[PDB]
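Chemist: To start, I am sharing the structure in question, which I have written as structure tokens.
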Amino acid sequence: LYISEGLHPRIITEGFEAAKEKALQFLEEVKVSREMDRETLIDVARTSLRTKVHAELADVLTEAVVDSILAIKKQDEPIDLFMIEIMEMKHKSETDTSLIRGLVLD
Amino acid sequence: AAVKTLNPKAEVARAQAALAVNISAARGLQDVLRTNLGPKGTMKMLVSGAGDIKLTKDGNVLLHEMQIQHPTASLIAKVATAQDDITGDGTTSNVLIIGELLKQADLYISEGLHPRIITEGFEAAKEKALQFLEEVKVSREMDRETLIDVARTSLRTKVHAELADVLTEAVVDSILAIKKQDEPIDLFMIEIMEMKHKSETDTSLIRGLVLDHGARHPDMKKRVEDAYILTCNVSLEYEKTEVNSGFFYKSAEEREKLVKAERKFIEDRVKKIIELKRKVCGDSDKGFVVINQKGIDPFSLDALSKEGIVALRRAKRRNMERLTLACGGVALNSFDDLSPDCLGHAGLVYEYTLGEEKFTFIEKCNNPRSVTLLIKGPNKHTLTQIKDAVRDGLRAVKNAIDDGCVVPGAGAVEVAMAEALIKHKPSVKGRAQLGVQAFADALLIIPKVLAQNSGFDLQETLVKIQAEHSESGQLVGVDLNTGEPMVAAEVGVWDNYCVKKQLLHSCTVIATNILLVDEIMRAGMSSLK
Amino acid sequence: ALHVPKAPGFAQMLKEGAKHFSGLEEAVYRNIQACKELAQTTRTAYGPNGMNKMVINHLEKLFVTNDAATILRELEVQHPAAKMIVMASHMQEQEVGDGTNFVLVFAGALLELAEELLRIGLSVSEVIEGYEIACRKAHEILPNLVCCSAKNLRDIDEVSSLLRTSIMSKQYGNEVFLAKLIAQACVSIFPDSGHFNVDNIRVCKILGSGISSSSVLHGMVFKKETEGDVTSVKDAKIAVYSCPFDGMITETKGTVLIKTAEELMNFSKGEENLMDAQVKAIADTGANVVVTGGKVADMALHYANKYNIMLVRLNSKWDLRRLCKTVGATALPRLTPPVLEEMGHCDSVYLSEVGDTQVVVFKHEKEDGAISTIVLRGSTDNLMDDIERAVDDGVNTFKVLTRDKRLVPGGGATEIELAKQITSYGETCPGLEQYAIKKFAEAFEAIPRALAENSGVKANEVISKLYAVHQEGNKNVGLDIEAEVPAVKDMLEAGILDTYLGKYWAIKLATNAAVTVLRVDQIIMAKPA
Amino acid sequence: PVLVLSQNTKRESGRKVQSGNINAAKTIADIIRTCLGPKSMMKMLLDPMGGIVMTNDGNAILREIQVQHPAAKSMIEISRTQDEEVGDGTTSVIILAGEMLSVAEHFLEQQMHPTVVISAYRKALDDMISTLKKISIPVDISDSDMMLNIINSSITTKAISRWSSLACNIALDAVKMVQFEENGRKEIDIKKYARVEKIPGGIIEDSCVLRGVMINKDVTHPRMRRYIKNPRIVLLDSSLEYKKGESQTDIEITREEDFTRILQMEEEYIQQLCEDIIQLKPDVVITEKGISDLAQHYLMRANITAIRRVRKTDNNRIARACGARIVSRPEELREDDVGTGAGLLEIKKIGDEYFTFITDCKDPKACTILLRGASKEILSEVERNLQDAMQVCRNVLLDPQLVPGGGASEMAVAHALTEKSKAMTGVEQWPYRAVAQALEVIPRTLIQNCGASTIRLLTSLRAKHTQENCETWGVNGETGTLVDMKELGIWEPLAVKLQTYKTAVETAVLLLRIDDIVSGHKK
Ligand SMILES: Nc1ncnc2c1ncn2[C@@H]1O[C@H](COP(=O)(O)OP(=O)(O)O)[C@@H](O)[C@H]1O
Ligand SMILES: Nc1ncnc2c1ncn2[C@@H]1O[C@H](COP(=O)(O)OP(=O)(O)O)[C@@H](O)[C@H]1O
Ligand SMILES: Nc1ncnc2c1ncn2[C@@H]1O[C@H](COP(=O)(O)OP(=O)(O)O)[C@@H](O)[C@H]1O
Ligand SMILES: [Mg+2]
Ligand SMILES: [Mg+2]
Ligand SMILES: [Mg+2]
Ligand SMILES: [Mg+2]
């Protein structure tokens, strides 16, 4: 919009850099530091799964994902998502997706 | 899609596709033509498929010569062709304003605004802008100085500066010569002849006529001082009878008699001409020039040469009127009762040979209501360029005379109309204010491109100009040598009120229709085969 | 201006042979049309009066059937939405075994009515909401539509009366015979535990006589011959080996390293004496029949003939496992004589000739066992395959009844009651969801309509009669196919019943498929490799 | 190969053929579905001649597209039929036919016979006609304001809507001037005697209808006058040249004077023709054929202005406008054949061309509509819209009955048909009520193209039309709301809506009767 009016892209990118700096600052200011409780994690996982799948399946997958993470997580120790297997079975309805507190070998 | 289920080889651009296609083509045309605008513009070279060269800065010529096969480009070329046929100038600005209207409308349509609402804003802004134009137009007594300034504003954009300073006086004098008080100007009465021998600054105004042919008898004089001009439309060559006739004779003597007799009909017209010549020129003091719209056979040419008459044949249907207005005689379709009142006078008639071509000058008429512009130049493409430029200049001066008003130039009216539109915008109901804003930002493309072409910063220059126009209210535009604001009416940069009005009208109309296009479709035979 | 260019953006960046569809018209309506075409391809096979189709696949193999899932598999469905509906039908076949044509019909009907609603002005989101709410209501209702229950799966007359309906749609003319056969087999292999395995019903198709010469056999049949001289055995003591009937050899390369004429002279005699000892130990355990999953050696065959043992070679490992399950034996990986528990028993093992075919029969006399075989006779391989599909339908119905013993009335009675109740629910539901609920209800009418259309009567009269009777109160009334005119009768009293679980899963899967097809909005196909 | 029919003869039959025809028809409908109503959008069509057609007119679109399915061919033909008959409704008819075929597809899938469906459709058509004639209202065609409102209600849906008042006045003036009666036979021929001349450039706001005619012509000789303030005009079908005879008139010359005598005889013949013309003392002479230069000489000597080669149609319009009578033998010229009635002959330069005006006539029974605008395409669209407007004005002057627009008429008729269907007890009540509900597509389409909620608005409208005196209620195509047409002003000609309904129903009947396509066979 501004380069067609003869503005130089170098100047536009300088403005981009300034705005990026200020935006990162404002982001650090507005972030909400919260004790990560099951309810907060449920809201987060819902916010993602409701965008990615149907609403009822999202209400199922939310509890599934949050419980899985709250199960394979050790206090102050990076979460190894490899320790959450993901097995697919092709027989029943999609709302039967569950969390097995164990393992399922194929 | 729907059309493609019935005609499988069908091409279709729907809703958003259609708009993207049209706006892209319009912006492409604008991108090409941006450089034509103004005297600081750049000349483009155009090479035909045969290799012929064209040097042009004219928007219409550039459009028609570019190699384009786009439907939107065809639409805009047609709008420019109408602009050129009716006004002679404004084609580049027309294309630019169309492209910028489309761009400024896409700016808001990409954000989900409807093009119908944008077009409502376009129409409101068009109305208000036409009003403001009528308000700012300068109604002026069209004197030679004003016409000179107008023709300068056109010719300096179309050609080089010294050649523009020559063509200015040439064009203004030509129009001020073929112009009768309160009588629409017939530009046909300005002949335009090109000669390809001398420099381009030798282009002059002959206060008379220049025919692209001369006498076909060698013994005929090449220069005549005090000439009676006989403008005729009578065949002086052998004419066969309508009904098939044929000659029948029984002896070579009878054949000879029939050969002498078959020409008596044309000999009689030659005798009438010769008798008029003898009756009006009792001696060799004056001269006598016959100019025939039709042919003259060698026998008639010999008969006229023997009596000292200069006969030109196969003149032009327009040269009949041009000669009757320059010399001052009567053009004849018959020699039934020809009299000395049927003759015109030219204080000089002579011939000019240039390689294989001949020219005949008819000058020193008393008060010729028809003249000719002799386009001299070293190249065919130079001559074509000067022809285009003088067309532009003639149209400009004619329009400035017709519309006794004249509008300031250099983007001044565009700036002022943008400001007026922006001050009027709140009075518009709904989101058509956005269409109005788009119209204003589109009108602002003329000063923007003028600055861009003179080598200045569009935003900085436009801000300076708008600030100066807002503080003072004076109509200011771009000074192409300093980038500063300048008063166009004081510095002599004038535009045609008719041209600006036609711009507003036609650009608004075509942009509205393009914005309202929602489907481009080729589902016909695709060829006449 | 004779070509529409691709619009800037995705249309230009798209690959060569790729296609992009977007919107209700290019994507949704074309998907619905494809699914409707699919439902039309399979509609004429629904019900007892359904006609067979002869589909030839790309391998030039011929299938003559009216089994929807089989027809779909052997068709090369290439439209992706139709592929998804076929995926739903195949999931129904996997989960239940019967109802695939119901799934197809219902999905196509739901999609047609969804197109209708989208045209009247509903949004895909609202249509999907209403379809889901109506599927939930239907699932809530069906348990109340359950009319009878099995009450016993160890009987042979009741089980036949229960399987007759499922094996009536296929093979309508002769279904009592087939229900007798399949009931005998299912109750033979039904253990005291409630678990029932459909793989324990084996089907042997032998080309001869006719479907009425078919029989059930408590045991196993193999189109094999015996390796040795013995062909019959009356008190079988089968010993089963997964290893060949040869001397065990090393998995590492073995070499006979001879260094003396004595070793050379004695090697072969020692080898054969070893083989004789092995086979004599096997015979001395009492085994009179040996079944090897591998190959047979000439010396071992010699000694089996010497010691009067019937040798059988089963190339397949599933066949070997099923024989072990049948006779109560254990496959030994070594040629060691079996212990008293590893041995199997059969009341008879003999070689017979059913038709042109030679067969080895392991036949129990008791009316039980772990595996039962249905020997299908027939005049055509295609006919026998169709009867095998009908047998599979009956067996899957038996398993569905072992899972859930509840039954709903057939012949369109449950569908009509569902339609009525869901219409009454939608008439109460306010908001824009009522249109979609009522269309979901009206979709059920497609089932009795298809039944009537194939019976050869006016579906409109049939459906009006059904609605009238179900309004007056009879929920077990459905259409009578044994009537040249539109007629109706008590499906329960007639014995025409479906499985609650079958209907449940069919409705669920059809609704899910329709809703997914609707949830699709853009399609980006790649260039077909 | 021993065939019975030639290869390339492919024969389809049955429900596949029926569904194919119905899908082709409703596809033709879906092509132009969005071009209905006041808020429609333009379409840019690409001609086979490198041309462009930017339009909203259903018939223009269907005329520019090419198809191969015979059902689509039939739909294009019925659009052409509607356009030629009434000159409006070219997409309403297409949409109605598509909807009727769509709703008949239902009954066809359900084992109903096409003849049963067709008889039901014909019953419904008769009752539609009855209901329209009942709800129609008369018009006082002497009320210029009423006529201007009718023309606005007909052109509001087109590009010229921005210049609605101008176009309405132009169309009304043109039709009222072309209205002509002779021997007790009224005739509004707006195709031969209302001419549209498109001159690109200028501005549309200066477009006008002339009290006369206009041609693209100049004087034959620049000594002729270009301005005459009360011209007496003569029109000729014959050449004022000396042409040959019909027979083998070969001459044979043996004497000397005979050649010259023959050429002088030709000249004297031209003189005698010109004298036969001058004897009537005209000011202007207009010919469809040539005029020799000697004839020009004699006419100029008589102070006559001549125009050389005019078209036969332009000459007929000049006759109707200035009150002259075309002649073919100047010897047979009479004062009654001379043209008095023109108030001014002017020949002015528009751009770089010379145009001849014969305007200022009194009681001119012919006219020229001079259209000016931005480009040939814009002016072609303006001309098409003006053709629509004039055809509507003509339809009104012929049948002064009006019906309400905005879909009000469609909803009124649908309601009347639903009410009449309750007495029907046979099996045709269902297709009858189906076409009744298939009429709702017009207001449905209006709502869709304005961008409002079809479900809600159509429900509210069907409910409004169940009350007693609400058959005038319709929808706005500009806001998406229900209004009374008595208050909005959108009133269509009863003739237009009758032709629409009739053509739609008959097209449906035809395509339903059709089965068993055959093809390939070569004429
Ligand atoms: N000497 C000048 N100084 C500033 N502006 C000028 C001058 N001459 C012309 N212009 C402006 O340049 C614009 C474009 O001129 P020109 O190229 O002749 O018209 P077009 O772009 O339509 O061909 C005109 O609107 C005029 O106002
Ligand atoms: N004797 C009968 N009379 C009426 N309807 C029957 C009879 N037997 C079966 N049906 C109906 O036919 C349908 C079964 O058709 P079928 O082709 O098996 O469909 P699917 O294979 O999808 O279950 C059932 O809905 C049942 O109600
Ligand atoms: N302003 C308006 N509001 C609502 N409906 C209108 C309006 N103007 C016209 N209509 C209706 O739109 C219908 C079709 O308009 P038009 O596009 O001119 O005809 P067609 O669809 O045949 O081209 C007419 O029946 C008329 O009743
Ligand atoms: Mg996300
Ligand atoms: Mg210019
Ligand atoms: Mg079944
Ligand atoms: Mg109309």
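Order determines the names: the first chain of the structure tokens is A, the second B, and so forth; residues in each chain are numbered 1 upward, and ligands are numbered 1 upward as they are shown.
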Using only C-alpha atoms and all ligand atoms, determine which residues fall within 6 Å of ligand 7, then list them as a short mmCIF file (atom, residue, chain, number, x, y, z; two decimals) with N, CA, C and O atoms, in the first residue's frame.
Modeler:
data_model
loop_
_atom_site.label_atom_id
_atom_site.label_comp_id
_atom_site.auth_asym_id
_atom_site.auth_seq_id
_atom_site.Cartn_x
_atom_site.Cartn_y
_atom_site.Cartn_z
N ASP D 88 -38.99 -8.03 -22.00
CA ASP D 88 -38.66 -7.95 -20.59
C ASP D 88 -39.03 -9.29 -19.97
O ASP D 88 -39.80 -10.06 -20.54
N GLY D 89 -38.46 -9.56 -18.80
CA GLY D 89 -38.72 -10.83 -18.17
C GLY D 89 -37.88 -11.96 -18.70
O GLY D 89 -38.19 -13.13 -18.43
N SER D 154 -39.36 -0.41 -14.47
CA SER D 154 -38.85 -1.40 -15.41
C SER D 154 -37.36 -1.26 -15.69
O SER D 154 -36.71 -2.26 -16.02
#
Chemist: Could you tell me which residues of chain C sit within 8 Å of chain D when counting only C-alpha atoms, and give me the result as an MDAnalysis selection string?
Modeler: chainID C and resid 1:3 120:122 458:460
Chemist: Based on the selection just made, write N, CA, C and O atoms of those residues as an mmCIF file, in the first residue's frame.
Modeler:
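Generated output (again_1.cif):
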data_model
loop_
_atom_site.group_PDB
_atom_site.id
_atom_site.type_symbol
_atom_site.label_atom_id
_atom_site.label_comp_id
_atom_site.auth_asym_id
_atom_site.auth_seq_id
_atom_site.Cartn_x
_atom_site.Cartn_y
_atom_site.Cartn_z
ATOM 1 N N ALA C 1 -9.443 -9.301 -27.037
ATOM 2 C CA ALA C 1 -10.257 -9.638 -25.878
ATOM 3 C C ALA C 1 -11.060 -10.900 -26.137
ATOM 4 O O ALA C 1 -12.276 -10.849 -26.306
ATOM 5 N N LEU C 2 -10.368 -12.040 -26.161
ATOM 6 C CA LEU C 2 -11.022 -13.315 -26.428
ATOM 7 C C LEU C 2 -10.566 -14.406 -25.470
ATOM 8 O O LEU C 2 -10.751 -15.592 -25.766
ATOM 9 N N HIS C 3 -9.978 -14.048 -24.332
ATOM 10 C CA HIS C 3 -9.515 -15.043 -23.377
ATOM 11 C C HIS C 3 -9.597 -14.460 -21.979
ATOM 12 O O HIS C 3 -9.136 -13.341 -21.742
ATOM 13 N N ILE C 120 -33.547 -23.564 0.042
ATOM 14 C CA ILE C 120 -34.579 -22.725 0.651
ATOM 15 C C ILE C 120 -33.976 -21.655 1.550
ATOM 16 O O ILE C 120 -34.657 -20.675 1.872
ATOM 17 N N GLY C 121 -32.727 -21.810 1.982
ATOM 18 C CA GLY C 121 -32.074 -20.706 2.657
ATOM 19 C C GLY C 121 -31.431 -20.984 3.999
ATOM 20 O O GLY C 121 -31.075 -20.046 4.718
ATOM 21 N N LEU C 122 -31.272 -22.250 4.356
ATOM 22 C CA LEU C 122 -30.566 -22.601 5.578
ATOM 23 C C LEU C 122 -29.066 -22.676 5.328
ATOM 24 O O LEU C 122 -28.607 -22.857 4.199
ATOM 25 N N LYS C 458 -47.239 -48.609 -6.036
ATOM 26 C CA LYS C 458 -47.140 -47.160 -5.902
ATOM 27 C C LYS C 458 -46.627 -46.818 -4.509
ATOM 28 O O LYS C 458 -47.324 -47.023 -3.505
ATOM 29 N N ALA C 459 -45.416 -46.263 -4.457
ATOM 30 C CA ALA C 459 -44.805 -45.952 -3.173
ATOM 31 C C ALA C 459 -45.588 -44.884 -2.432
ATOM 32 O O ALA C 459 -45.600 -44.873 -1.199
ATOM 33 N N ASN C 460 -46.266 -43.992 -3.156
ATOM 34 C CA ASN C 460 -47.005 -42.927 -2.490
ATOM 35 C C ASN C 460 -48.206 -43.492 -1.743
ATOM 36 O O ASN C 460 -48.454 -43.140 -0.585
#
Chemist: Return as a ChimeraX atom specification every polymer residue, whether protein, DNA or RNA, with at least one atom no more than 12 Å from an atom of ligand 4; count only C-alpha atoms and all ligand atoms.
Modeler: /A:44-53
Chemist: Among range 278-481 of chain D, which residues carry a DSSP assignment of strand (DSSP E or B), reported as a VMD selection string?
Modeler: chain D and resid 284 to 287 305 to 307 327 339 345 to 350 353 to 357 367 to 373 402 to 404 473 to 475
Chemist: Step by step, measure atom-to-atom distances between ligand 5 and each residue using only C-alpha atoms and all ligand atoms, keep those at most 7 Å, then write them as number ranges by chain.
Modeler: B: 89-90, 154, 157-158, 392
Chemist: Do you have, as CSV, the list of residues of chain C lying at most 8 Å from ligand 6, each with its nearest atom pair and that distance in Å to one decimal, counting only C-alpha atoms and all ligand atoms and ordered by chain then number?
Modeler:
residue,atom,partner,partner_atom_place_in_ligand_line,distance
C:47,CA,ligand 6,1 (Mg),7.5
C:67,CA,ligand 6,1 (Mg),7.7
C:98,CA,ligand 6,1 (Mg),4.6
C:99,CA,ligand 6,1 (Mg),5.1
C:100,CA,ligand 6,1 (Mg),7.3
C:101,CA,ligand 6,1 (Mg),7.3
C:166,CA,ligand 6,1 (Mg),5.2
C:167,CA,ligand 6,1 (Mg),7.1
C:169,CA,ligand 6,1 (Mg),6.0
C:170,CA,ligand 6,1 (Mg),7.3
C:393,CA,ligand 6,1 (Mg),7.0
Chemist: Please find the residues contacting ligand 1 at a distance of at most 8 Å between atoms, with only C-alpha atoms and all ligand atoms counted, and report them as a ChimeraX atom specification.
Modeler: /B:36-39,41,57-59,89-94,152-158,408-412,446,450,477-480,488,493-495
Chemist: May I ask which of the residues B:204, B:235, B:508, B:16 is the closest one to chain C, counting only C-alpha atoms?
Modeler: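 Counting only C-alpha atoms, the residue closest to chain C is B:16.
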Chemist: Show me, as a list in words, every residue of chain A with an atom at most 10 Å from chain B, counting only C-alpha atoms.
Modeler: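 Contact residues on the first chain: residues 1, 2, 5, 6 and 7 of chain A.
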Chemist: Just the selected residues (N, CA and C atoms), exported as a PDB file, in the first residue's frame, please.
Modeler:
ATOM      1  N   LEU A   1       0.818  -1.212   0.000  1.00  0.00           N
ATOM      2  CA  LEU A   1       0.000   0.000   0.000  1.00  0.00           C
ATOM      3  C   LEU A   1       0.852   1.263   0.000  1.00  0.00           C
ATOM      4  N   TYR A   2       1.953   1.259   0.748  1.00  0.00           N
ATOM      5  CA  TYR A   2       2.823   2.425   0.820  1.00  0.00           C
ATOM      6  C   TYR A   2       3.974   2.376  -0.173  1.00  0.00           C
ATOM      7  N   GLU A   5       3.149   3.908  -3.517  1.00  0.00           N
ATOM      8  CA  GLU A   5       3.264   5.357  -3.458  1.00  0.00           C
ATOM      9  C   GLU A   5       4.709   5.834  -3.363  1.00  0.00           C
ATOM     10  N   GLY A   6       5.668   5.022  -3.799  1.00  0.00           N
ATOM     11  CA  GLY A   6       7.046   5.449  -3.885  1.00  0.00           C
ATOM     12  C   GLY A   6       7.845   5.368  -2.604  1.00  0.00           C
ATOM     13  N   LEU A   7       7.279   4.830  -1.526  1.00  0.00           N
ATOM     14  CA  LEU A   7       8.056   4.642  -0.311  1.00  0.00           C
ATOM     15  C   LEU A   7       9.026   3.480  -0.485  1.00  0.00           C
TER      16      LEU A   7
END
Chemist: Find the residues near ligand 2. Use a cut-off of 8 Å, count only C-alpha atoms and all ligand atoms, and write them as a ChimeraX atom specification.
Modeler: /C:45-48,50,66-68,98-104,165-170,409-413,447,451,478-482,491,496-498
Chemist: Can you build me a table of chain D residues sitting at most 9 Å from ligand 3, with the closest atom pair per residue and its distance in Å to one decimal, using only C-alpha atoms and all ligand atoms, sorted by chain and residue number, as a Markdown table?
Modeler:
| residue | atom | partner | partner_atom_place_in_ligand_line | distance |
| --- | --- | --- | --- | --- |
| D:33 | CA | ligand 3 | 21 (O) | 8.4 |
| D:34 | CA | ligand 3 | 21 (O) | 8.9 |
| D:35 | CA | ligand 3 | 17 (O) | 6.4 |
| D:36 | CA | ligand 3 | 21 (O) | 3.8 |
| D:37 | CA | ligand 3 | 12 (O) | 4.2 |
| D:38 | CA | ligand 3 | 8 (N) | 5.1 |
| D:39 | CA | ligand 3 | 1 (N) | 8.2 |
| D:40 | CA | ligand 3 | 17 (O) | 7.6 |
| D:56 | CA | ligand 3 | 23 (O) | 7.2 |
| D:57 | CA | ligand 3 | 23 (O) | 5.8 |
| D:58 | CA | ligand 3 | 23 (O) | 6.0 |
| D:59 | CA | ligand 3 | 23 (O) | 8.6 |
| D:88 | CA | ligand 3 | 22 (O) | 5.6 |
| D:89 | CA | ligand 3 | 22 (O) | 3.0 |
| D:90 | CA | ligand 3 | 22 (O) | 4.7 |
| D:91 | CA | ligand 3 | 22 (O) | 4.3 |
| D:92 | CA | ligand 3 | 22 (O) | 4.1 |
| D:93 | CA | ligand 3 | 22 (O) | 6.8 |
| D:94 | CA | ligand 3 | 22 (O) | 8.4 |
| D:95 | CA | ligand 3 | 21 (O) | 8.5 |
| D:152 | CA | ligand 3 | 8 (N) | 8.5 |
| D:153 | CA | ligand 3 | 8 (N) | 5.6 |
| D:154 | CA | ligand 3 | 18 (O) | 5.4 |
| D:155 | CA | ligand 3 | 18 (O) | 6.2 |
| D:156 | CA | ligand 3 | 8 (N) | 5.6 |
| D:157 | CA | ligand 3 | 18 (O) | 4.6 |
| D:158 | CA | ligand 3 | 18 (O) | 6.8 |
| D:388 | CA | ligand 3 | 18 (O) | 8.7 |
| D:403 | CA | ligand 3 | 27 (O) | 8.9 |
| D:404 | CA | ligand 3 | 27 (O) | 6.7 |
| D:405 | CA | ligand 3 | 27 (O) | 3.1 |
| D:406 | CA | ligand 3 | 5 (N) | 3.4 |
| D:407 | CA | ligand 3 | 27 (O) | 5.5 |
| D:408 | CA | ligand 3 | 27 (O) | 7.5 |
| D:409 | CA | ligand 3 | 27 (O) | 8.0 |
| D:410 | CA | ligand 3 | 25 (O) | 8.6 |
| D:442 | CA | ligand 3 | 13 (C) | 7.2 |
| D:443 | CA | ligand 3 | 5 (N) | 8.0 |
| D:446 | CA | ligand 3 | 5 (N) | 6.6 |
| D:447 | CA | ligand 3 | 4 (C) | 8.8 |
| D:474 | CA | ligand 3 | 4 (C) | 7.3 |
| D:475 | CA | ligand 3 | 4 (C) | 5.3 |
| D:476 | CA | ligand 3 | 3 (N) | 3.9 |
| D:477 | CA | ligand 3 | 3 (N) | 3.7 |
| D:478 | CA | ligand 3 | 3 (N) | 6.0 |
| D:479 | CA | ligand 3 | 3 (N) | 8.4 |
| D:480 | CA | ligand 3 | 4 (C) | 8.7 |
| D:483 | CA | ligand 3 | 4 (C) | 8.9 |
| D:485 | CA | ligand 3 | 4 (C) | 8.8 |
| D:488 | CA | ligand 3 | 1 (N) | 7.7 |
| D:489 | CA | ligand 3 | 1 (N) | 8.3 |
| D:490 | CA | ligand 3 | 8 (N) | 5.8 |
| D:491 | CA | ligand 3 | 27 (O) | 6.6 |
| D:492 | CA | ligand 3 | 27 (O) | 6.2 |
| D:497 | CA | ligand 3 | 25 (O) | 7.8 |
| D:500 | CA | ligand 3 | 22 (O) | 8.5 |
Chemist: Write out as an mmCIF file with N, CA and C atoms, in the first residue's frame which residues come within 12 Å of residue 355 in chain C when counting only C-alpha atoms, dropping same-chain ones fewer than 3 positions away.
Modeler:
data_model
loop_
_atom_site.group_PDB
_atom_site.id
_atom_site.type_symbol
_atom_site.label_atom_id
_atom_site.label_comp_id
_atom_site.auth_asym_id
_atom_site.auth_seq_id
_atom_site.Cartn_x
_atom_site.Cartn_y
_atom_site.Cartn_z
ATOM 1 N N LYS C 205 -17.715 -74.263 -1.181
ATOM 2 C CA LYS C 205 -18.533 -74.134 -2.378
ATOM 3 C C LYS C 205 -18.080 -75.202 -3.362
ATOM 4 N N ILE C 206 -18.957 -76.176 -3.610
ATOM 5 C CA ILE C 206 -18.668 -77.265 -4.588
ATOM 6 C C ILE C 206 -19.673 -77.130 -5.736
ATOM 7 N N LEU C 207 -19.166 -77.178 -6.972
ATOM 8 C CA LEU C 207 -19.960 -76.914 -8.203
ATOM 9 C C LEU C 207 -20.734 -78.150 -8.658
ATOM 10 N N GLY C 208 -21.991 -78.266 -8.227
ATOM 11 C CA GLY C 208 -22.836 -79.395 -8.651
ATOM 12 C C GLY C 208 -24.280 -79.223 -8.220
ATOM 13 N N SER C 209 -25.146 -80.108 -8.711
ATOM 14 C CA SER C 209 -26.591 -80.178 -8.372
ATOM 15 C C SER C 209 -27.250 -78.805 -8.186
ATOM 16 N N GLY C 210 -27.428 -78.379 -6.931
ATOM 17 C CA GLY C 210 -28.192 -77.151 -6.631
ATOM 18 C C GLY C 210 -28.146 -76.753 -5.166
ATOM 19 N N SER C 213 -29.291 -79.120 -2.382
ATOM 20 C CA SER C 213 -28.439 -80.215 -1.947
ATOM 21 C C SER C 213 -27.389 -79.767 -0.942
ATOM 22 N N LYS C 223 -10.730 -79.422 0.030
ATOM 23 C CA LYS C 223 -10.658 -79.926 -1.334
ATOM 24 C C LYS C 223 -9.254 -80.452 -1.584
ATOM 25 N N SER C 352 -13.836 -88.394 0.151
ATOM 26 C CA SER C 352 -15.067 -88.525 -0.609
ATOM 27 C C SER C 352 -14.950 -87.709 -1.885
ATOM 28 N N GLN C 358 -12.745 -83.748 -5.244
ATOM 29 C CA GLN C 358 -12.321 -84.657 -4.191
ATOM 30 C C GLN C 358 -12.127 -83.864 -2.908
ATOM 31 N N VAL C 359 -12.623 -84.405 -1.799
ATOM 32 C CA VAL C 359 -12.589 -83.703 -0.524
ATOM 33 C C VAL C 359 -12.198 -84.665 0.585
ATOM 34 N N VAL C 375 -21.492 -76.882 3.366
ATOM 35 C CA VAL C 375 -21.103 -77.301 2.027
ATOM 36 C C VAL C 375 -22.159 -76.780 1.065
ATOM 37 N N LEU C 376 -21.784 -75.801 0.250
ATOM 38 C CA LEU C 376 -22.709 -75.184 -0.686
ATOM 39 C C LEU C 376 -22.609 -75.880 -2.035
ATOM 40 N N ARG C 377 -23.704 -76.492 -2.462
ATOM 41 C CA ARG C 377 -23.818 -76.962 -3.829
ATOM 42 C C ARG C 377 -24.514 -75.901 -4.671
ATOM 43 N N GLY C 378 -24.273 -75.952 -5.974
ATOM 44 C CA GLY C 378 -24.850 -74.962 -6.857
ATOM 45 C C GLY C 378 -24.431 -75.138 -8.297
ATOM 46 N N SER C 379 -25.259 -74.661 -9.221
ATOM 47 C CA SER C 379 -25.002 -74.864 -10.638
ATOM 48 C C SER C 379 -24.059 -73.826 -11.224
#
